[PDB]
Structures are given as structure tokens and as C-alpha cells.
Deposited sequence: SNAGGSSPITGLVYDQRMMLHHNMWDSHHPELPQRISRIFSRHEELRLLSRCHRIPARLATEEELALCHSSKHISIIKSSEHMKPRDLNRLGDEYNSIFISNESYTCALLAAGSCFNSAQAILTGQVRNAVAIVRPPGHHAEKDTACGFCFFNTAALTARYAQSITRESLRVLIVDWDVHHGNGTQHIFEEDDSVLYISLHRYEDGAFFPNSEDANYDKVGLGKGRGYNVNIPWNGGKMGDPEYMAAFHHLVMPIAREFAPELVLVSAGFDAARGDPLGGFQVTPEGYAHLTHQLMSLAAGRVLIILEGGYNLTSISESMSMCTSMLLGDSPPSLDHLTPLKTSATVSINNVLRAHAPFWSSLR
């Protein structure tokens, strides 16, 4: 049983030319990688190589206009980069961003291919920039291409179109791009837990509410778990996994689990304001490993406290290697869970 790891310092080149201390920092990935080496997890993993996604692979989820626009930034002067970035919600662009977004997606392709062919059981991808806010036709929320959504489509393209892909997005923000790419799809089950605050938290859309259950034959395959009024932590996430995530996922019976593993719900995060501990992330990973015969690919999304993300992701990797989990309710969190249960009981007999 082998755990894969992909990391490439070339993804550090994407940077914010006007604010070098912007929280989506190059050192997010180098700090996480360093922590894996300090905790001796690195030596226990099989290094999987990064690669660039092809433009053909990007078109599995994105429009040729969007691909062309981001590609065009590779050679722009600073004023053109500043103006292009301002055309999106919460995006900065440098001459290296496009290449970095290709390396993030291609890293996860090589990881998924390694998992699906049996070279490894599971894998962790320490990649930048993030992916889950990227839409088919636009960048958003520090994300250019939807790495996790592309990986699901990539996985199906090397196996069969009906490969059941579960994407669990525990980034504190709603993966709006992912939700929309798979909204009419019952082959990819999208489950997101996110701070919502009645729609006032980023990305600021009612799309992220519990009543958005999917469209068409995707009805029931989009599970939104939104948190309101409370600084949520391990009890709230544990309970949502026990009551919702794990019962639905078991019924779906995925053949590969992608985690959109943002760590901005972590204790200490400057954007999330939540308090999931590193031990909590270990328990969420350990639960997901009981699906798909442990075929889990943990993909870095957000997470902006360098110490918190480095400890939290390392614990997820520790779980992937087979380590036993370390030892571990707000009233409004019960309201949320009950609201999602009512919305999804019609499509999931486990509920």
C-alpha cells in the first residue's frame, strides 16, 4: 500500500506583484512540503512527478475563450496583468500564473492516473493556485482552472465515462465552479461544507444553500452543507460527516475520492474564522479512506495560515499512509445539518 505525493516548487512562481504578502502565498506549498519532511512523511511516500495540463485537458471543463484569455497573460506587461486581474472577482495574475495553473492540474492528473492504475493506493497533491472557484468560463477566488473538476473528468477519460467520482470540498468557501460544472451530473457527486452566513460570506451566492440539490438527473448529486452564525470546529464537521457526508457517499459508492482540501476552516486561518484542528482533518481523512477501497486524492485548495495548513495537510497524509487517527455542538450547526437532511432525504435512502 503506497501513498503518492506530488509537489513542484515551480508552482511558487505565481505571485502578487502589487502585494507580496497577499495570503495566497508561494510559501504555502513550500511550507507544507517542509512540514511533511519534518514529520518524516515525505520519506514514506512515492514521489509522483508534476506535469503541465494540455489545453485539450483544460477543455474537459473550461471554454476555449477562458483558456485563451488566461494563456494570453503569460506574456503581458504589468499594466495588462493588473487590468486583466481586475476583470475577475478576487484574482491577481503574474506572467507565471498560467504555467502554475497548468502544473497544478497536471500534477493531479498524474496522481489520479497513478491511483487508478494501481501504482499507488492514494495520493496528496501540494499544488498552487487553487481551483474550486474557477468556472467553465471565468477565473475567480484565487483560482484559474478547476483542478479538482478537471481531475474528475480526466479520471473518467482514462477509465469510463460512468466512473463514479466523489468530490468532497471542505475548504471553508463554497466551490461554486465545481458545483456548476457537475450540476446536471450524477456521475460526479459534489459535497461541500462551507461558511455561508445566509449568503454574506464569499463567494456570496445563494447557489451555496442546502436547497441547491442539483439539476436534471443530477438532482441529489450536489450536497451543500452551509454554516451560519457560529465559529464551527471539529464537533460540527464530525457531525456533518456522520449524518450526511459518509451516509450519502457510501450509497453513491464512489470509485475514487477527490478531496478539494482547503485548510481555511482551520484554527488560526485569517479568512475562515473557524476552528477545525489538525486532528479533526485527520479524522475527516480517515473516514473518507473507507470509501472507494481507499482510493483518495487530497488536493490542496485554500488555507492561508502557513502553520495551520502545514500541520493540517501533513495529518491528512499521515492518515493516507495508514496511521491511526489521533485522539479528538453549536445549536445553529444542528439546524444546518437538519436542513440538508430534509433537502436530500428524497434521493438517498440512507437518509
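Asker: Map the modelled residues onto the deposited sequence and report the uncovered stretches in sequence order.
Answerer: Holes in the chain trace, numbered from 1: 1-7, 336-340, 364.
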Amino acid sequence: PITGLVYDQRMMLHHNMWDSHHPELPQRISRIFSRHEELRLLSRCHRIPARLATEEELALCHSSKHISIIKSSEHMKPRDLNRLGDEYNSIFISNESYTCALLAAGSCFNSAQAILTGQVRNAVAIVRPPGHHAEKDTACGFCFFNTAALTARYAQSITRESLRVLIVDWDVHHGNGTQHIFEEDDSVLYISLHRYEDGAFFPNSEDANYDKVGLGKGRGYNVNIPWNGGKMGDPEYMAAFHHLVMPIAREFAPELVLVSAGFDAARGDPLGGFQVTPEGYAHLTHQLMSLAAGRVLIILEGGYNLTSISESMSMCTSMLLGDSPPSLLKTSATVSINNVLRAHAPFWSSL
From here on, numbers count along this sequence of modelled residues.
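Asker: Of the two stretches 210-218 and 129-137, which shows the higher Cα B-factor on average in the entry?
Answerer: In the deposited entry, the stretch with the higher C-alpha B-factor mean is 210-218.
Asker: Can you tell me whether 334-342 has a higher mean C-alpha B factor than 7-15 in this record, or the other way round?
Answerer: So the stretch with the higher mean C-alpha B-factor is 334-342.
Asker: Could you say which of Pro254, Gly268, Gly233, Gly106 has its CA atom at the highest B factor, as listed in the PDB entry?
Answerer: In this record, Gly233 carries the highest C-alpha B-factor of the candidates.
Asker: Have a look at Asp264, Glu184, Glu96, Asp169 and flag the one whose Cα has the highest B-factor in the entry.
Answerer: Going by the entry's C-alpha B-factors, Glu184 comes out highest.
Asker: Looking at the entry's B-factor column for C-alpha atoms only, identify whether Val296 ranks in the lowest, middle or highest third of its chain.
Answerer: Within its chain, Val296 is a lowest-third residue by C-alpha B-factor, going by the deposited values.
Asker: When the modelled residues of the chain are sorted by Cα temperature factor, does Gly175 land in the lowest, middle or highest third?
Answerer: Lowest third - that is where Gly175 ends up once the chain's C-alpha B-factors are sorted.
Asker: Considering only modelled residues of the same chain, in which third does the CA B-factor of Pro326 rank: lowest, middle or highest?
Answerer: Answer is highest: the recorded C-alpha B-factor places it there.
Asker: Just say lowest, middle or highest third for the CA B-factor of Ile91 relative to the other modelled residues in its chain.
Answerer: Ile91: CA B-factor falls in the lowest third of its chain.
Asker: What third of its chain, lowest, middle or highest, does the C-alpha temperature factor of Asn82 fall into?
Answerer: Its C-alpha B-factor, which the entry lists for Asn82, ranks in the highest third among residues of this chain.
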